[PDB]
file data_35.csv (CSV, C-alpha atoms)
chain,number,residue,atom,x,y,z
A,601,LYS,CA,0.0,0.0,0.0
A,602,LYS,CA,1.7,3.2,-1.4
A,603,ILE,CA,2.3,6.0,1.2
A,604,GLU,CA,1.7,8.9,-1.3
A,605,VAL,CA,3.1,11.3,1.5
A,606,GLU,CA,0.9,14.3,0.8
A,607,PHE,CA,0.1,14.7,-2.9
A,608,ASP,CA,2.5,12.6,-5.1
A,609,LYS,CA,0.5,13.6,-8.2
A,610,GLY,CA,2.8,16.1,-10.0
A,611,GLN,CA,6.5,15.4,-11.0
A,612,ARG,CA,6.8,16.1,-14.9
A,613,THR,CA,10.6,16.2,-13.9
A,614,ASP,CA,11.7,13.4,-16.3
A,615,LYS,CA,15.5,14.1,-16.6
A,616,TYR,CA,16.8,12.2,-19.7
A,617,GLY,CA,20.4,11.1,-20.6
A,618,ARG,CA,22.9,8.3,-21.0
A,619,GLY,CA,26.7,8.7,-20.2
A,620,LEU,CA,27.6,6.0,-17.6
A,621,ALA,CA,29.2,2.5,-17.5
A,622,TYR,CA,27.8,-1.1,-16.8
A,623,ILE,CA,29.4,-4.6,-16.7
A,624,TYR,CA,28.1,-7.2,-14.1
A,625,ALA,CA,28.7,-8.2,-10.4
A,626,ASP,CA,30.8,-11.3,-11.4
A,627,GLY,CA,34.3,-9.9,-11.1
A,628,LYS,CA,36.0,-8.1,-8.2
A,629,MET,CA,33.8,-6.9,-5.3
A,630,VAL,CA,34.6,-9.0,-2.2
A,631,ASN,CA,37.8,-9.5,-0.1
A,632,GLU,CA,40.0,-6.3,0.2
A,633,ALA,CA,42.1,-4.7,3.0
A,634,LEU,CA,39.6,-1.9,4.1
A,635,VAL,CA,42.3,0.3,5.7
A,636,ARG,CA,43.4,2.2,2.4
A,637,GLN,CA,45.8,5.2,2.8
A,638,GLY,CA,46.6,6.0,6.5
A,639,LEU,CA,45.1,9.5,7.0
A,640,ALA,CA,43.8,11.0,10.3
A,641,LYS,CA,44.2,14.3,12.3
A,642,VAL,CA,42.3,15.8,15.2
A,643,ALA,CA,42.8,18.4,18.0
A,644,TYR,CA,45.4,17.9,20.7
A,645,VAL,CA,44.1,15.3,23.2
A,646,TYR,CA,47.2,16.2,25.4
A,647,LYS,CA,49.4,13.4,26.9
A,648,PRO,CA,51.9,13.6,29.9
A,649,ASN,CA,55.3,15.2,28.7
A,650,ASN,CA,58.2,16.3,31.0
A,651,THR,CA,58.3,14.5,34.3
A,652,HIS,CA,60.5,17.2,35.9
A,653,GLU,CA,64.2,16.1,35.4
A,654,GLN,CA,64.6,18.5,32.3
A,655,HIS,CA,67.0,15.9,30.7
A,656,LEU,CA,64.9,12.9,29.5
A,657,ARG,CA,66.7,11.8,26.3
A,658,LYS,CA,68.3,15.3,26.0
A,659,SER,CA,65.7,17.9,27.1
A,660,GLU,CA,62.1,16.9,27.9
A,661,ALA,CA,61.5,20.5,29.1
A,662,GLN,CA,62.4,21.7,25.5
A,663,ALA,CA,65.7,23.2,26.9
A,664,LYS,CA,66.9,24.5,23.5
A,665,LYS,CA,64.3,27.3,23.2
A,666,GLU,CA,63.8,30.0,25.9
A,667,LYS,CA,62.9,26.9,28.1
A,668,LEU,CA,60.7,29.3,30.1
A,669,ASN,CA,63.5,31.2,32.0
A,670,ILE,CA,60.7,33.1,33.8
A,671,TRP,CA,61.0,36.7,32.4
B,230,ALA,CA,-8.9,4.7,-25.9
B,231,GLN,CA,-5.3,4.4,-27.1
B,232,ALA,CA,-2.2,2.4,-26.1
B,233,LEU,CA,-0.7,4.8,-23.5
B,234,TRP,CA,3.1,4.1,-24.1
B,235,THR,CA,2.7,4.5,-27.9
B,236,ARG,CA,1.7,8.2,-27.4
B,237,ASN,CA,4.3,11.0,-27.0
B,238,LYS,CA,5.7,12.1,-23.6
B,239,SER,CA,3.4,15.2,-24.0
B,240,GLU,CA,0.2,13.3,-25.0
B,241,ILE,CA,0.2,11.4,-21.7
B,242,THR,CA,-0.6,13.5,-18.5
B,243,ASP,CA,0.9,12.9,-15.0
B,244,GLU,CA,-2.2,11.1,-13.7
B,245,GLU,CA,-2.3,8.6,-16.6
B,246,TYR,CA,1.4,7.5,-15.9
B,247,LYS,CA,0.7,6.7,-12.2
B,248,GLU,CA,-2.6,5.1,-13.1
B,249,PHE,CA,-0.9,3.0,-15.9
B,250,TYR,CA,1.8,1.8,-13.4
B,251,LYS,CA,-1.0,0.0,-11.4
B,252,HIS,CA,-1.7,-2.2,-14.5
B,253,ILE,CA,2.0,-3.2,-15.3
B,254,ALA,CA,2.8,-3.9,-11.5
B,255,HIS,CA,-0.6,-5.8,-11.0
B,256,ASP,CA,-0.9,-3.5,-7.9
B,257,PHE,CA,-2.5,-0.2,-6.8
B,258,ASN,CA,0.9,1.4,-6.0
B,259,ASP,CA,1.6,5.0,-7.1
B,260,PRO,CA,5.2,5.5,-8.5
B,261,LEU,CA,7.3,8.2,-6.8
B,262,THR,CA,8.5,9.2,-10.3
B,263,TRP,CA,9.2,7.8,-13.9
B,264,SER,CA,10.9,8.5,-17.2
B,265,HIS,CA,9.1,8.1,-20.6
B,266,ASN,CA,11.6,7.2,-23.4
B,267,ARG,CA,10.8,6.8,-27.1
B,268,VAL,CA,13.8,6.2,-29.4
B,269,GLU,CA,14.0,6.8,-33.2
B,270,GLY,CA,16.2,6.2,-36.2
B,271,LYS,CA,17.5,2.6,-36.8
B,272,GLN,CA,16.0,0.8,-33.7
B,273,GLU,CA,12.6,2.4,-32.8
B,274,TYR,CA,11.4,1.4,-29.3
B,275,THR,CA,9.3,3.0,-26.5
B,276,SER,CA,10.6,2.3,-23.0
B,277,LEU,CA,8.4,3.5,-20.0
B,278,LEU,CA,10.0,2.8,-16.6
B,279,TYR,CA,8.6,3.7,-13.1
B,280,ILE,CA,10.0,3.9,-9.5
B,281,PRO,CA,7.5,2.2,-6.9
B,282,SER,CA,6.6,3.9,-3.6
B,283,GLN,CA,7.0,0.6,-1.6
B,284,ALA,CA,8.5,-2.9,-2.0
B,285,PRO,CA,6.0,-5.8,-2.7
B,286,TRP,CA,6.3,-8.9,-0.4
B,287,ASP,CA,7.1,-11.1,-3.4
B,288,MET,CA,10.0,-8.7,-4.4
B,289,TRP,CA,12.5,-10.7,-2.2
B,290,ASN,CA,10.6,-14.0,-2.6
B,291,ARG,CA,11.8,-17.4,-4.1
B,292,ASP,CA,9.7,-16.4,-7.2
B,293,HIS,CA,10.8,-13.6,-9.7
B,294,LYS,CA,9.1,-10.2,-9.6
B,295,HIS,CA,11.9,-8.2,-11.3
B,296,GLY,CA,11.3,-7.4,-15.0
B,297,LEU,CA,9.4,-5.3,-17.6
B,298,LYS,CA,6.4,-6.1,-19.9
B,299,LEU,CA,7.8,-7.0,-23.3
B,300,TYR,CA,5.7,-5.6,-26.1
B,301,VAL,CA,6.6,-6.0,-29.8
B,302,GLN,CA,4.8,-4.0,-32.6
B,303,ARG,CA,2.5,-2.6,-29.9
B,304,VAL,CA,1.3,-6.2,-29.1
B,305,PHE,CA,1.8,-7.7,-25.6
B,306,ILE,CA,4.2,-10.7,-25.7
B,307,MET,CA,5.1,-11.5,-22.0
B,308,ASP,CA,5.8,-9.8,-18.7
B,309,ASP,CA,8.6,-10.0,-16.0
B,310,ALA,CA,11.2,-9.8,-18.8
B,311,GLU,CA,14.2,-9.3,-16.4
B,312,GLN,CA,16.8,-9.4,-19.2
B,313,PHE,CA,16.2,-5.6,-19.6
B,314,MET,CA,16.9,-4.9,-15.9
B,315,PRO,CA,20.3,-5.3,-13.9
B,316,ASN,CA,20.3,-6.9,-10.4
B,317,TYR,CA,20.8,-3.5,-8.6
B,318,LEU,CA,17.9,-2.1,-10.7
B,319,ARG,CA,15.7,-5.2,-10.3
B,320,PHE,CA,13.1,-3.0,-8.3
B,321,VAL,CA,12.0,-1.3,-11.6
B,322,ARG,CA,8.6,-2.2,-13.1
B,323,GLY,CA,7.8,-0.9,-16.5
B,324,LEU,CA,7.4,-2.0,-20.2
B,325,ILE,CA,9.2,-1.8,-23.5
B,326,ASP,CA,7.7,-1.9,-27.0
B,327,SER,CA,10.3,-3.1,-29.6
B,328,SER,CA,9.4,-2.6,-33.3
B,329,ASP,CA,12.6,-4.5,-34.4
B,330,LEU,CA,12.2,-7.8,-32.6
B,331,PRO,CA,10.0,-10.7,-34.1
B,332,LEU,CA,6.4,-10.9,-33.0
B,333,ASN,CA,7.1,-14.7,-32.2
B,334,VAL,CA,9.9,-13.5,-29.7
B,335,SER,CA,10.2,-15.5,-26.4
B,336,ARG,CA,12.2,-15.2,-23.1
B,337,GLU,CA,15.4,-17.0,-24.3
B,338,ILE,CA,15.6,-14.6,-27.3
B,339,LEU,CA,15.8,-11.6,-24.9
B,340,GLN,CA,18.6,-13.3,-23.0
B,341,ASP,CA,20.9,-14.3,-25.9
B,342,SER,CA,20.2,-11.4,-28.4
B,343,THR,CA,22.9,-8.8,-28.8
B,344,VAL,CA,20.4,-6.0,-29.5
B,345,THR,CA,18.4,-6.9,-26.3
B,346,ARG,CA,21.7,-7.1,-24.4
B,347,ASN,CA,22.3,-3.5,-25.6
B,348,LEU,CA,18.7,-2.6,-24.5
B,349,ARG,CA,19.4,-3.6,-20.9
B,350,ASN,CA,22.8,-1.7,-21.0
B,351,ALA,CA,21.0,1.4,-22.3
B,352,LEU,CA,18.1,1.3,-19.7
B,353,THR,CA,20.8,0.9,-16.9
B,354,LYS,CA,21.8,4.6,-17.4
B,355,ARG,CA,18.2,5.9,-17.6
B,356,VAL,CA,17.1,4.2,-14.4
B,357,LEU,CA,20.3,5.2,-12.4
B,358,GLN,CA,20.0,8.8,-13.5
B,359,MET,CA,16.3,8.6,-12.7
B,360,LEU,CA,17.3,7.4,-9.1
B,361,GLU,CA,19.5,10.6,-8.6
B,362,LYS,CA,16.7,12.5,-10.3
B,363,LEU,CA,14.3,11.2,-7.5
B,364,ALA,CA,17.1,12.0,-4.9
B,365,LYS,CA,17.1,15.7,-6.1
B,366,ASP,CA,13.3,15.8,-7.0
B,367,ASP,CA,12.0,14.7,-3.6
B,368,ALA,CA,14.4,13.6,-0.8
B,369,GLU,CA,11.5,12.2,1.4
B,370,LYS,CA,10.2,10.0,-1.5
B,371,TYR,CA,13.8,8.8,-2.1
B,372,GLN,CA,14.1,8.1,1.7
B,373,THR,CA,11.0,5.8,1.5
B,374,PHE,CA,12.4,4.3,-1.7
B,375,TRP,CA,15.8,3.6,-0.1
B,376,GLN,CA,14.1,2.0,3.0
B,377,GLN,CA,12.2,-0.3,0.6
B,378,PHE,CA,14.9,-1.0,-2.1
B,379,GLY,CA,18.2,0.4,-0.7
B,380,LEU,CA,19.6,-3.1,-0.1
B,381,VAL,CA,19.2,-3.8,-3.9
B,382,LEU,CA,20.9,-0.5,-4.9
B,383,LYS,CA,24.0,-1.3,-2.8
B,384,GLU,CA,24.8,-4.1,-5.3
B,385,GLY,CA,25.4,-1.2,-7.7
B,386,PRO,CA,29.3,-0.6,-7.6
B,387,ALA,CA,29.8,-4.4,-8.0
B,388,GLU,CA,27.9,-4.6,-11.4
B,389,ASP,CA,28.7,-1.2,-13.0
B,390,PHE,CA,32.4,-1.2,-11.8
B,391,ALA,CA,33.6,2.0,-13.6
B,392,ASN,CA,30.3,3.7,-12.6
B,393,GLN,CA,30.8,3.0,-8.8
B,394,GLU,CA,30.9,6.9,-8.1
B,395,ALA,CA,27.3,7.4,-9.3
B,396,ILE,CA,25.9,4.8,-6.9
B,397,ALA,CA,28.3,6.1,-4.1
B,398,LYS,CA,26.2,9.4,-4.3
B,399,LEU,CA,23.0,7.3,-4.2
B,400,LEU,CA,24.2,5.4,-1.1
B,401,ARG,CA,22.4,6.5,2.1
B,402,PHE,CA,23.4,5.3,5.6
B,403,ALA,CA,23.1,6.2,9.3
B,404,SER,CA,26.1,7.7,11.2
B,405,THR,CA,27.3,9.0,14.6
B,406,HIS,CA,25.7,12.3,13.3
B,407,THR,CA,22.1,11.1,14.1
B,408,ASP,CA,21.1,8.0,16.2
B,409,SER,CA,18.4,7.2,13.6
B,410,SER,CA,18.4,3.7,12.0
B,411,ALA,CA,16.9,5.7,9.1
B,412,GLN,CA,19.5,5.7,6.3
B,413,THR,CA,19.9,9.5,5.9
B,414,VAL,CA,23.5,10.6,5.4
B,415,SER,CA,25.1,10.0,1.9
B,416,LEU,CA,28.7,10.3,0.8
B,417,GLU,CA,27.5,13.6,-0.8
B,418,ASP,CA,26.6,14.9,2.8
B,419,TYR,CA,29.7,13.3,4.3
B,420,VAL,CA,32.2,15.1,1.9
B,421,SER,CA,30.3,18.4,2.7
B,422,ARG,CA,30.4,17.6,6.5
B,423,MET,CA,34.2,16.7,6.5
B,424,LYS,CA,36.6,18.9,8.6
B,425,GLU,CA,40.4,19.2,9.2
B,426,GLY,CA,42.1,15.8,9.1
B,427,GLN,CA,38.9,13.9,8.4
B,428,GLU,CA,39.9,13.1,4.7
B,429,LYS,CA,39.5,9.4,5.4
B,430,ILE,CA,35.9,8.1,5.1
B,431,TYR,CA,35.1,6.4,8.5
B,432,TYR,CA,32.5,3.5,8.3
B,433,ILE,CA,31.7,0.4,10.5
B,434,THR,CA,31.1,-3.0,8.8
B,435,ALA,CA,28.7,-4.9,11.2
B,436,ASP,CA,26.0,-7.6,10.8
B,437,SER,CA,23.5,-5.7,13.0
B,438,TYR,CA,22.7,-2.0,13.8
B,439,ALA,CA,22.4,-2.9,17.6
B,440,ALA,CA,26.0,-4.4,17.8
B,441,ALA,CA,27.3,-1.7,15.3
B,442,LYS,CA,26.2,1.2,17.4
B,443,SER,CA,27.1,-0.6,20.7
B,444,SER,CA,30.7,-0.9,19.5
B,445,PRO,CA,33.4,1.1,21.5
B,446,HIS,CA,35.1,1.9,18.1
B,447,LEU,CA,32.5,4.6,17.5
B,448,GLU,CA,33.1,6.4,20.9
B,449,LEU,CA,36.9,6.2,20.3
B,450,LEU,CA,36.3,8.7,17.3
B,451,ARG,CA,33.0,10.3,18.4
B,452,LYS,CA,34.7,12.0,21.5
B,453,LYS,CA,37.4,13.4,19.1
B,454,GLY,CA,34.6,14.8,16.9
B,455,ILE,CA,34.9,12.2,14.1
B,456,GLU,CA,31.8,10.9,12.2
B,457,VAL,CA,31.4,7.1,11.5
B,458,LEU,CA,28.7,5.7,9.1
B,459,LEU,CA,26.7,2.8,10.6
B,460,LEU,CA,26.3,-0.2,8.2
B,461,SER,CA,24.0,-3.1,9.5
B,462,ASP,CA,23.9,-4.9,6.1
B,463,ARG,CA,24.5,-8.6,5.3
B,464,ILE,CA,26.2,-7.4,2.1
B,465,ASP,CA,28.1,-4.6,4.0
B,466,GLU,CA,31.7,-6.0,3.7
B,467,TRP,CA,31.2,-7.3,0.1
B,468,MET,CA,30.1,-3.8,-1.1
B,469,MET,CA,32.7,-2.0,1.1
B,470,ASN,CA,35.6,-4.3,-0.3
B,471,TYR,CA,35.0,-2.4,-3.6
B,472,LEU,CA,34.3,0.9,-1.7
B,473,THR,CA,38.0,1.2,-0.8
B,474,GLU,CA,38.1,4.9,-2.1
B,475,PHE,CA,35.7,7.6,-3.3
B,476,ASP,CA,36.7,11.2,-4.6
B,477,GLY,CA,40.3,10.4,-3.5
B,478,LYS,CA,39.0,10.0,0.0
B,479,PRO,CA,39.9,6.4,1.2
B,480,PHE,CA,37.5,4.3,3.4
B,481,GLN,CA,38.3,2.9,6.8
B,482,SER,CA,36.5,0.2,8.7
B,483,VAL,CA,36.7,1.1,12.4
B,484,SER,CA,36.4,-2.7,13.1
B,485,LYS,CA,40.0,-2.6,11.8
B,486,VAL,CA,43.0,-0.5,13.0
B,487,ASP,CA,45.9,1.1,11.1
B,488,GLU,CA,48.2,4.2,11.5
B,489,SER,CA,45.1,6.4,11.3
B,490,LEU,CA,43.9,5.2,14.7
B,491,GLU,CA,47.5,5.5,16.0
B,492,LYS,CA,47.7,9.3,15.1
B,493,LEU,CA,44.1,10.1,16.0
B,494,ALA,CA,44.2,8.5,19.5
call {"tool": "encode", "arguments": {"input": "data_35.csv", "output": "structure tokens"}}
result
Amino acid sequence: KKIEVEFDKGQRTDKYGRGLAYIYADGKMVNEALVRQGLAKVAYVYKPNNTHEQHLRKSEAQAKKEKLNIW
Amino acid sequence: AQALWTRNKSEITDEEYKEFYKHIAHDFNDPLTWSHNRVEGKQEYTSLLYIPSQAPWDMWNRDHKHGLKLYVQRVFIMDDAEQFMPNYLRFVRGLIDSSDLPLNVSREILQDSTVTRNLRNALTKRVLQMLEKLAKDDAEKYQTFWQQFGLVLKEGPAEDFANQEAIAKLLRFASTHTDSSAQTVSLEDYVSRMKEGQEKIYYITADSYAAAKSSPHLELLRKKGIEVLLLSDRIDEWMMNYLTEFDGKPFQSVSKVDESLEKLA
């Protein structure tokens, strides 16, 4: 039983053309690694960095810049 | 008192099209829309195809319901002639009057004939462009249509391989945008909705909407402000194994992890 919605009677829209492709489902469809091209970027979630020692690896406190000399 | 299809597109009014659909479908259903085709030159044929408002019960039955009414020389031959319709366009009911074919034509002719093989391949474009036509004509009619025949249309990219992009626009799904099981958001909407770093199309391949939307993989991205499309199909993974990329934007099943979920987390 058709819904009709409200009126339904009155399209006359048609839209004619032909400029696409077609083959058949028997080919390649199933079985592919669905992880194509590693791409992602969001806002900073903020993880723990600099314990206190200032010298983790070389400089955890970014001792290379101003290092926040307090000025 | 005249054969409706044999008249011009202008000589048939809107009411008569929708009334005529009730004859060919053996129903009382009004079509959401249609396209009247009449072709001239070498091979003259009138094709008249409609888009139903709802799916008949016997649409997914062990018996066939896909196909058109074959007319030749404006004389009825047989109906449910499915050799004119693809699998992803099996929902179409309509008719086709062929002036070229023999009057003594039968079902096996339509299958093996090269002309009739071209007929199907021609009608494939007119229906598909009539689907996007309906999608732009009336989104609410197309929403009803996709709830009734959407499963069928998802078989699209598999058949018309090179034309995957056209069906990718027609594809409507749910997402973390709206909790509706209503298949609303398309890849058209998604590309428009995409923000900084969300260049990778996030989907979930899952057997049920309940287990899909109950998955923690969604909240992993949802809290970061990423949008994941909810697929609850039985054909989900099959279709999505060809949907590896669209517009240059590659797909990601959140059910799987790569460097994207490393950098995002």
call {"tool": "atom_distance", "arguments": {"input": "data_35.csv", "atom1": "atom CA of residue 461 of chain B", "atom2": "atom CA of residue 446 of chain B"}}
result
14.9 Å
call {"tool": "interface_residues", "arguments": {"input": "data_35.csv", "of": "chain B", "to": "chain A", "cutoff": "8 Å", "atoms": "all atoms listed in the file", "output": "ChimeraX atom specification"}}
result
/B:243-244,247,257-259,261-265,282-283,350-351,353-355,358-359,362,366,370,384,387-392,425-429,453-454,466-471,473-474,479-482,485-490,492-494
call {"tool": "residues_around", "arguments": {"input": "data_35.csv", "residues": "segment 375-383 of chain B", "least_positions_apart": "6", "cutoff": "7 Å", "atoms": "only C-alpha atoms", "output": "JSON, numbers by chain"}}
result
{"B": [283, 284, 317, 318, 320, 400, 468]}
call {"tool": "atom_distance", "arguments": {"input": "data_35.csv", "atom1": "atom CA of residue 331 of chain B", "atom2": "atom CA of residue 303 of chain B"}}
result
11.8 Å
call {"tool": "atom_distance", "arguments": {"input": "data_35.csv", "atom1": "atom CA of residue 309 of chain B", "atom2": "atom CA of residue 293 of chain B"}}
result
7.6 Å
call {"tool": "closest_residue", "arguments": {"input": "data_35.csv", "among": "B:397, B:324, B:435, B:458", "to": "residue 307 of chain B", "atoms": "all atoms listed in the file"}}
result
B:324
call {"tool": "closest_residue", "arguments": {"input": "data_35.csv", "among": "B:405, B:437, B:275, B:373", "to": "residue 348 of chain B", "atoms": "all atoms listed in the file"}}
result
B:275
call {"tool": "residues_around", "arguments": {"input": "data_35.csv", "residues": "residue 403 of chain B", "least_positions_apart": "6", "cutoff": "12 Å", "atoms": "all atoms listed in the file", "output": "ChimeraX atom specification"}}
result
/B:372,376,409-416,418-419,432-433,438,441-442,456-462
call {"tool": "write_last_selection", "arguments": {"input": "data_35.csv", "atoms": "C-alpha atoms", "output": "short mmCIF file (atom, residue, chain, number, x, y, z; two decimals), in the coordinates of the input"}}
result
data_model
loop_
_atom_site.label_atom_id
_atom_site.label_comp_id
_atom_site.auth_asym_id
_atom_site.auth_seq_id
_atom_site.Cartn_x
_atom_site.Cartn_y
_atom_site.Cartn_z
CA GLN B 372 14.10 8.10 1.70
CA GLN B 376 14.10 2.00 3.00
CA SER B 409 18.40 7.20 13.60
CA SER B 410 18.40 3.70 12.00
CA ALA B 411 16.90 5.70 9.10
CA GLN B 412 19.50 5.70 6.30
CA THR B 413 19.90 9.50 5.90
CA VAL B 414 23.50 10.60 5.40
CA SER B 415 25.10 10.00 1.90
CA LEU B 416 28.70 10.30 0.80
CA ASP B 418 26.60 14.90 2.80
CA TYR B 419 29.70 13.30 4.30
CA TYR B 432 32.50 3.50 8.30
CA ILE B 433 31.70 0.40 10.50
CA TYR B 438 22.70 -2.00 13.80
CA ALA B 441 27.30 -1.70 15.30
CA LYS B 442 26.20 1.20 17.40
CA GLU B 456 31.80 10.90 12.20
CA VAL B 457 31.40 7.10 11.50
CA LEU B 458 28.70 5.70 9.10
CA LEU B 459 26.70 2.80 10.60
CA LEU B 460 26.30 -0.20 8.20
CA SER B 461 24.00 -3.10 9.50
CA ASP B 462 23.90 -4.90 6.10
#
call {"tool": "residues_around", "arguments": {"input": "data_35.csv", "residues": "segment 393-396 of chain B", "least_positions_apart": "6", "cutoff": "7 Å", "atoms": "all atoms listed in the file", "output": "number ranges by chain"}}
result
B: 385-386, 475
call {"tool": "write_last_selection", "arguments": {"input": "data_35.csv", "atoms": "C-alpha atoms", "output": "short mmCIF file (atom, residue, chain, number, x, y, z; two decimals), in the frame of the given file"}}
result
data_model
loop_
_atom_site.label_atom_id
_atom_site.label_comp_id
_atom_site.auth_asym_id
_atom_site.auth_seq_id
_atom_site.Cartn_x
_atom_site.Cartn_y
_atom_site.Cartn_z
CA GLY B 385 25.40 -1.20 -7.70
CA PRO B 386 29.30 -0.60 -7.60
CA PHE B 475 35.70 7.60 -3.30
#
call {"tool": "decode", "arguments": {"input": "data_35.csv", "residues": "segment 653-671 of chain A", "atoms": "N, CA, C and O atoms", "output": "compact mmCIF listing (two decimals), in the first residue's frame"}}
result
# COMPACT_ATOMS: atom_id res chain seq x y z
N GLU A 653 62.70 16.22 35.35
CA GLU A 653 64.19 16.09 35.38
C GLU A 653 64.89 17.02 34.37
O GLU A 653 66.10 17.23 34.47
N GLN A 654 64.12 17.51 33.37
CA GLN A 654 64.57 18.48 32.33
C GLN A 654 65.47 17.81 31.25
O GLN A 654 65.64 18.38 30.18
N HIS A 655 65.92 16.56 31.48
CA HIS A 655 67.00 15.93 30.68
C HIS A 655 66.65 14.47 30.28
O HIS A 655 67.53 13.62 30.10
N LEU A 656 65.34 14.18 30.11
CA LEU A 656 64.87 12.90 29.52
C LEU A 656 65.24 12.90 28.04
O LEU A 656 64.83 13.81 27.30
N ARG A 657 66.06 11.89 27.64
CA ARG A 657 66.70 11.79 26.31
C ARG A 657 67.80 12.86 26.16
O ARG A 657 68.99 12.54 26.13
N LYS A 658 67.38 14.12 26.10
CA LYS A 658 68.28 15.28 25.98
C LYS A 658 67.68 16.44 26.77
O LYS A 658 68.31 16.98 27.68
N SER A 659 66.43 16.80 26.42
CA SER A 659 65.70 17.89 27.07
C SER A 659 64.17 17.72 26.88
O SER A 659 63.60 18.17 25.87
N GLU A 660 63.54 17.05 27.86
CA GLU A 660 62.07 16.86 27.94
C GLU A 660 61.34 18.20 28.11
O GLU A 660 60.21 18.38 27.63
N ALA A 661 62.02 19.16 28.77
CA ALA A 661 61.49 20.50 29.06
C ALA A 661 61.70 21.47 27.88
O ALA A 661 61.47 22.68 28.04
N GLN A 662 62.13 20.92 26.71
CA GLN A 662 62.39 21.69 25.48
C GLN A 662 63.50 22.74 25.70
O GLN A 662 63.50 23.82 25.08
N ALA A 663 64.46 22.36 26.58
CA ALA A 663 65.66 23.16 26.88
C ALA A 663 66.55 23.22 25.62
O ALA A 663 67.34 22.31 25.35
N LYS A 664 66.33 24.29 24.86
CA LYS A 664 66.86 24.49 23.50
C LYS A 664 66.32 25.86 23.05
O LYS A 664 67.04 26.68 22.47
N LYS A 665 65.02 26.06 23.34
CA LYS A 665 64.32 27.34 23.17
C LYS A 665 64.63 28.27 24.37
O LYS A 665 65.70 28.16 24.98
N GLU A 666 63.70 29.19 24.70
CA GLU A 666 63.78 30.02 25.91
C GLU A 666 63.70 29.14 27.18
O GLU A 666 64.15 29.56 28.24
N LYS A 667 63.04 27.96 27.03
CA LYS A 667 62.92 26.92 28.09
C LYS A 667 62.02 27.40 29.27
O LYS A 667 61.79 26.65 30.23
N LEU A 668 61.43 28.60 29.10
CA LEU A 668 60.70 29.34 30.15
C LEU A 668 61.66 29.69 31.31
O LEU A 668 61.60 29.10 32.39
N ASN A 669 62.56 30.66 31.04
CA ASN A 669 63.53 31.17 32.03
C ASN A 669 62.84 31.98 33.15
O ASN A 669 63.48 32.31 34.15
N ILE A 670 61.53 32.27 32.96
CA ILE A 670 60.72 33.12 33.83
C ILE A 670 61.21 34.57 33.69
O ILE A 670 62.14 35.00 34.37
N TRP A 671 60.60 35.29 32.73
CA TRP A 671 60.97 36.65 32.36
C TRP A 671 59.73 37.31 31.73
O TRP A 671 59.07 38.14 32.39
